[PDB]
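[1] sequence first, structure after; it's an experimental one.
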Amino acid sequence: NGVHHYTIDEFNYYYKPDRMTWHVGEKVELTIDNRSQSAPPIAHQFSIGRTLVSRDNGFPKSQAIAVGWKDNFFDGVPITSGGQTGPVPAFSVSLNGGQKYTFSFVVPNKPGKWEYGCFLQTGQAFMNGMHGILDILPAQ
Ligand SMILES: [Cu+]
């Protein structure tokens, strides 16, 4: 019934936590915190989606160069952050080291498995394992 607060921390090259479960209709406040530990710290991205878009050159790859999600989880989802309210097209949280960002939303009716990932560094963060699984359940 109330606002559920989640925090996702970013490190080189992983999210804590790397798994999260929400219910359709849940009120979520989410903090994304770039805790990049390197010297210097590196920028990290948080984007939730489905259908990995990768580069192609006609030549096969043990690892696909990730560029982003085709389907964005936040497509059409009203977001509130500071004094701003409404949907954000192509919503993504990109942060330098030491920056964080908090926003809230109601979990849209998009049940099933979504992924979160970082595509900075031409997909290198992703390819080094910077991704997580979001499971969306129907409302209780
Ligand atoms: Cu990253």
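    The structure has been received and is ready for your questions. Numbering: from 1, shown residues only.
[2] every contact and neighbour count from this point should use C-alpha atoms.
    Will do.
[3] and the residue of this protein closest to the ion?
    With Cα to the ion, the shortest gap between the chain and the ion falls at residue 44, namely 3.4 Å.
[4] ok, that residue touching residue 121?
    No. Counting by Cα atoms under 8 Å, residue 44 stays clear of residue 121, with 9.1 Å between them.
[5] the more surrounded of these two?
    More crowded of residue 44 and residue 121, by other Cα atoms under 10 Å: residue 44, with 28 against 12.
[6] for the more buried one, what are its contacts?
    Residues in contact with residue 44 (Cα atoms under 8 Å, 6 or more residues apart in numbering) are 10, 34, 36, 94, 95, 96, 97, 118, 120.
[7] residues contacting residue 90?
    Contacts of residue 90 by Cα under 8 Å, 6+ apart are 72, 74, 75.
[8] which residues of the protein lie near the ion?
    Within the chain, the positions lying close to the ion (Cα under 5 Å from the ion) are 44, 118, 125.
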